Amino acid sequence: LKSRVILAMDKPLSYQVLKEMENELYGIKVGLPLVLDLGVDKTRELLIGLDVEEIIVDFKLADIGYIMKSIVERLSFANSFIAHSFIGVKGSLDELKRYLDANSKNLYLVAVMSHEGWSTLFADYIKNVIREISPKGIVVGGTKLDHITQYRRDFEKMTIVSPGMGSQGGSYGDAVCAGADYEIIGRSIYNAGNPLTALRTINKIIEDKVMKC
Amino acid sequence: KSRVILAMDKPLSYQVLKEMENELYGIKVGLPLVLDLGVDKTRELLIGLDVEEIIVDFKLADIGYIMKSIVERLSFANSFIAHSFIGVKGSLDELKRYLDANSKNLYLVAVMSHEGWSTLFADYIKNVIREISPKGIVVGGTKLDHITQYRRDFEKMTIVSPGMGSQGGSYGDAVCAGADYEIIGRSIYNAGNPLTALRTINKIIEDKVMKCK
Ligand SMILES: O=c1cc(O)n([C@@H]2O[C@H](COP(=O)(O)O)[C@@H](O)[C@H]2O)c(=O)[nH]1
Ligand SMILES: O=c1cc(O)n([C@@H]2O[C@H](COP(=O)(O)O)[C@@H](O)[C@H]2O)c(=O)[nH]1
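These protein sequence lines are chains A and B, in that order. For the first sequence, the deposited numbering assigns the number 2 to the initial residue and increments by one for each residue that follows. For the second sequence, the deposited numbering assigns the number 3 to the initial residue and increments by one for each residue that follows.
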């Protein structure tokens, strides 16, 4: 089958390794630590040499609209961007969404985070923001499986991406089983002795889990 | 003495900054700047400057591991801004610990300046701030009543307030409402003569402060 993995590239991997990974990943999530290390120019060059379904730039955008737009205009190599939902619509997400739509870029909104300290106190407000903005997708922690299932019910056509797998405790495939489309995986791949073997192993586990699912 | 923190969200010349250094409290480094110049040239530009405080503002809003990875790359700065919404355990707690270990200041975004910022989480945010006990907080200068309220609630905290000029805030009103410093971007860096703009703004702030004091 086809991979459900989005590589969280928060640290550089060699072109050699990434080249082999191309056809065994759904996408790559480009993180701020990576871009700070390589610079925008070299980040773009790196990705140009790669062929994956989706390149997602994730700077966890959470500012006024002007600043979020200023950031994304500098990163045209991405297909999609991640922003927070909690910042709200007027003068923040509305401006960003307008710009991204005008430039044929996708938006993902952070709905529920993976760490224990995240509050789900404001799900009604968060859902309204999401419903209002109408992003391509949302981020829902793979450590919060019940939230994944809840969000999939409340948003049937939404792309759901789920991080917190491996390092943070999520067992590979549980998020997809609970309703996510893709699982975001960072350290368990890029810090592995052999990141390629790590990816191939994970793809197997996910395949197995989904079937028992 | 200046109460202005220059929001450097686009490059300005070393030439100009050197004249500005003695007429500013501090400089807030924005993400578009660092994307443009790269980290190493950002370092070079700013360490070569003499201001009281350099605050790196990438609106930190991730898990602890990632937020720490980000700030470790910009440790020349004195202070960092993070969102309070993301919560404590596994996020802000790890960041605060790391920042403390390195004698860095943390500012938490408490109330944002745009219209879409919800008052719904006011109590939750206050709790996070009490739990973390950061050096300062960010409270929108377009939200003067919130500044005053937050000043009463956290009399010992540094309050910095953006939204002055471009977003409609009148220079000095934020300080008069009880903020220590005002954050100002476009009104200065997009001015025909940024130096003149800053001097004009400093004059306006001084006049206002002398009246509200
Ligand atoms: O709630 C969230 C949202 C995220 O985007 N992420 C991101 O998912 C990735 C997880 O990386 P790791 O597999 O090494 O735990 C990181 O890029 C992180 O910023 C997360 O961990 N939790
Ligand atoms: O609620 C907030 C919080 C901010 O940090 N800011 C920051 O304050 C600055 C405002 O710049 P400007 O004066 O050009 O509006 C920007 O760096 C922005 O990211 C804000 O505008 N509103």
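Every residue gets a Cβ at the ideal spot worked out from N, C-alpha and C, and that includes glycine.
Is A:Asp64 near ligand 2, going by C-beta to nearest heavy atom under 7 Å? At least one heavy atom of ligand 2 is nearer than 7 Å to the Cβ of A:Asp64, so yes.
What whole-angstrom Cβ distance do B:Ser86 and B:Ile65 have, given they're in contact under 8 Å? So it is not a contact: roughly 15 Å between Cβ atoms.
Quick check on DSSP: helix, strand or coil for A:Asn24? Three-state DSSP puts A:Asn24 in a helix.
When the cut-off is 8 Å and only beta carbons count, does A:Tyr126 lie next to chain B? Contact with chain B is found for A:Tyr126, since one of that chain's Cβ atoms lies less than 8 Å from the residue's Cβ.
At which residue ranges does the stretch 26 to 53 of chain A contain complete alpha helix (DSSP H) runs of 4 or more residues, listed in the order of the chain? If one requires a minimum length of 4 residues, the alpha helix (DSSP H) runs lying completely within the stretch 26 to 53 of chain A are 33 to 39 and 41 to 49, in chain order.
In three-state DSSP terms, what is B:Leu97? Of the three classes helix, strand and coil, the one that applies to B:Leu97 here is helix, per DSSP.
In its own chain, which residues sit with a C-beta less than 6 Å from the C-beta of B:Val141, not counting the 5 before and 5 after it? Contacts found: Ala112, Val113, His148, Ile149, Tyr152, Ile161 and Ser163.
Inter-residue Cα distance where the pair is B:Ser120 and B:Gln17: So the two alpha carbons sit approximately 41 Å from each other.
Taking a cut of 9 Å between CB atoms, which residues from the stretch 104 to 121 of chain A lie near chain B? Per Cβ criterion, the list reads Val111, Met114, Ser115, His116, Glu117, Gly118, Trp119 and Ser120.
What residues are listed by DSSP as bridge partners for A:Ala9? A:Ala9 is bridged by DSSP to A:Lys30.
Residues of chain A with CB under 7 Å from B:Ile139, in chain order? Simply none; closest approach about 15 Å.
So for A:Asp59, helix, strand or coil by DSSP? In the displayed model, A:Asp59 falls within a strand according to three-state DSSP.
Checking 8 Å against the spacing of the C-beta atoms, do A:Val90 and A:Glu157 come in under that value? Taking C-beta atoms as the reference points, A:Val90 and A:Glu157 fail to come closer than 8 Å.
Please classify A:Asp102: is it buried, with 16 or more other beta-carbons within 10 angstroms of its beta-carbon, or exposed? Exposed.
Along the stretch 76 to 90 of chain A, where does the CB come closer than 7 Å to a CB of chain B? Name the residues. Cβ contacts with chain B: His85, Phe87, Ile88, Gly89 and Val90.
Can you list, in chain order, the residues of the stretch 156 to 177 of chain B whose Cβ is nearer than 7 Å to any Cβ on chain A? Of all residues in the stretch 156 to 177 of chain B, none has a Cβ within less than 7 Å of some Cβ in chain A.
Pull out every residue of the stretch 27 to 44 of chain B whose Cβ sits closer than 8 Å to any Cβ of chain A, in chain order. Flagged, chain order: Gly32, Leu33, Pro34, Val36, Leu37, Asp38, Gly40 and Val41.
Give a yes or no on whether the C-beta atoms belonging to B:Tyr109 and B:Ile57 are separated by under 8 Å. Yes; because the gap between Cβ atoms is below 8 Å, this pair is in contact.
Kindly indicate which three-state DSSP category B:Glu184 falls into: helix, strand or coil? Judged by DSSP in its simplified three-state form, B:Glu184 adopts strand.
What number of angstroms, rounded off, separates the C-alpha of A:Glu184 from the C-alpha of B:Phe123? Taken atom to atom, the span from the alpha-carbon of A:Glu184 to that of B:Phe123 is near 29 Å.
Quickly, what does DSSP pair A:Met69 with across the bridge? List them, please. According to DSSP, residue pairing for A:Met69 in a beta bridge does not occur.
Determine the direct distance from the alpha carbon of B:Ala9 to that of B:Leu37, and round the result to whole angstroms. Approximately 15 Å, taken between the alpha carbons.
Contacts around A:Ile88, its chain only, beta-carbon distance under 7 Å, and the 5 residues preceding and following it disregarded: Result list for A:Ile88: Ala63 and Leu94, in chain order.
Report back the beta-carbon spacing between B:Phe82 and B:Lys98 to the nearest angstrom; my notes put them in contact at under 8 Å. Rounded, the Cβ-Cβ distance is 10 Å, inconsistent with contact.
Verify the CB distance criterion: does B:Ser93 have a CB-CB separation below 8 Å to chain A? Interface annotation, B:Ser93: in contact with chain A, CB-CB separation under 8 Å.
Ranges of the beta strand (DSSP E) found wholly within the stretch 85 to 136 of chain B, counting only runs of at least 3: Correct list: 107 to 113.
Take residue 1 of chain A as the anchor and find which of A:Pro136, A:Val53, A:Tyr126 and A:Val177 has the nearest alpha-carbon. Any question about residue 1 of chain A goes unanswered here, given that chain A covers just 2 to 214.
Using only the heavy atoms of ligand 1, determine whether one of them is closer than 7 Å to the beta carbon of A:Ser81. Checking the Cβ of A:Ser81 against ligand 1 gives no.
For A:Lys205 and chain B, any beta-carbon pair shorter than 8 Å? With 8 Å as the cut-off, A:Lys205 does not count as an interface residue toward chain B.
Interface residues of chain A facing B:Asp147 [CB-CB closer than 9 Å]: Per Cβ cutoff of 9 Å: no residues; B:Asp147 is ~18 Å from chain A at best.
Can you find a heavy atom of ligand 2 that lies under 7 Å from the Cβ of A:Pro136? Taking 7 Å as the cut-off, the C-beta of A:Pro136 does not count as close to any heavy atom of ligand 2.
Pick from A:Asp182, A:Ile72, A:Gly165 and A:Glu54 that is closest to A:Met22, judged by C-alpha positions: Of the candidates A:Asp182, A:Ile72, A:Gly165 and A:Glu54, the one whose C-alpha sits nearest the C-alpha of A:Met22 is A:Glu54.
Proximity of A:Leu35 and A:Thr44 at Cβ, strictly below 8 Å: Cβ distance < 8 Å, so A:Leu35 and A:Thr44 count as in contact.
Chain A residues whose Cβ lies nearer than 7 Å to that of B:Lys61: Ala63 and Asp64, listed in chain order.
By Cβ distance, which residues of its chain are closer than 6 Å to B:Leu26, with the 5 residues on each side in sequence left out? Around B:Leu26, the same chain offers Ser4, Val6, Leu8 and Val53 as residues with beta carbons nearer than 6 Å, after the five sequence neighbours per side are excluded.
Mapping the DSSP letters down to three states, classify A:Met212 as helix, strand or coil. Under the three-state reduction of DSSP, A:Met212 is assigned to helix.
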